[PDB]
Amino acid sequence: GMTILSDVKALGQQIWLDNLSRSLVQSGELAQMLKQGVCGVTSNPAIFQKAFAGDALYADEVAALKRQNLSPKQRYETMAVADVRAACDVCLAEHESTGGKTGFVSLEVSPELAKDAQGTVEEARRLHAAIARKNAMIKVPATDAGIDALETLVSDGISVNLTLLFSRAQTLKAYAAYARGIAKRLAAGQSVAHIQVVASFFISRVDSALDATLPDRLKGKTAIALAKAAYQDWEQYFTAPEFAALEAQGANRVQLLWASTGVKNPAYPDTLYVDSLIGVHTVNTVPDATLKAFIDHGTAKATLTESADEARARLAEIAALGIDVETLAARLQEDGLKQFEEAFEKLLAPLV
């Protein structure tokens, strides 16, 4: 039932909606969600492509913007920034109620900037200023250039959603860059208490990549095992004396965020990823259909840290089979960037 979202909050996990549209906000639906336990919103270029194509409230906005001398990209940004700013206003009461720990809305930079650290910094600073809300997160892919940009953006006081993570190694590199940016600010006497960063670790795409060729006892298990091991890495990193010295001065931990948590294989229960990854100080961003399946028949239990030993044994067997999860992660990040660029090109074409 609907109270499950509150039960999950009590276990220490926020549930965000992985969708955004002009009608979602304008209808009042998002506000009602932010009363019934939803704690934030994520977007990406595929989400906007589908919203712009299907939501009737964009038609008049597009017609208005076509009367102006703007590039397709700027037409897109005007639309997307307006949606994000409106959603941020809806979520602001939630965000302020927790001291800025919840109630975020994420907007992703252009996929073409993913390997360009300086360009990513420039666009993220610009979008942060354009949205002009304290609860907006700029979403940046976790390429090496994105991790470069993360350190700079954090040192500038900007909250970031580092996305398209599939690798435990790259996640640890992100934590290190975050800490460097925090340390820089503390050394300069600047505030850090309202800087929040999430590390969005993608789930379903790992199983989609591997399951057809895995042995029976491993089908549908690798992505959850990776996430459970990532969370153990997180506990270790953030409790170590190095980070404790920063947290003592007001620094916030990065939080792991499970994304791509819609189940894509009909052989698995539709609530598998949500049900299996609940742990303290995490987020799960879910598509609409998965949110309503979880409300209908999900289970709120602290599953993320259960049976870590079996997660380790499974990952050892994946390696024994010759699957290198670091090579896979790079490929999945590459593929995800290509797919986001394809969606972005598809949404720009009607805006010409």
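Sequential numbering from 1, following the sequence displayed.
- Stretches compared: 62 to 70, 280 to 288. Higher mean C-alpha B-factor in the entry: 62 to 70.
- Checked against the record, the higher mean CA B factor of 142 to 150 and 185 to 193 lies with 185 to 193.
- As recorded in the PDB entry, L11 shows the highest C-alpha B-factor of the residues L11, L332, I15, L20.
- If you compare the C-alpha temperature factors of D207, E123, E242, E77 in the entry, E242 comes out highest.
- Among the modelled residues of the chain, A93 sits in the highest third by CA temperature factor in this PDB entry.
- When all modelled residues of the chain are sorted by CA temperature factor, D116 is found within the middle third.
- For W258, the recorded CA B-factor ranks within the lowest third of the chain. Only modelled residues enter the ranking.
- When the CA B factors of the chain's modelled residues are split into thirds, the value for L246 lands in the middle one.
- Ranked against the other modelled residues of its chain, the C-alpha B-factor of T327 as given in the entry falls in the middle third.
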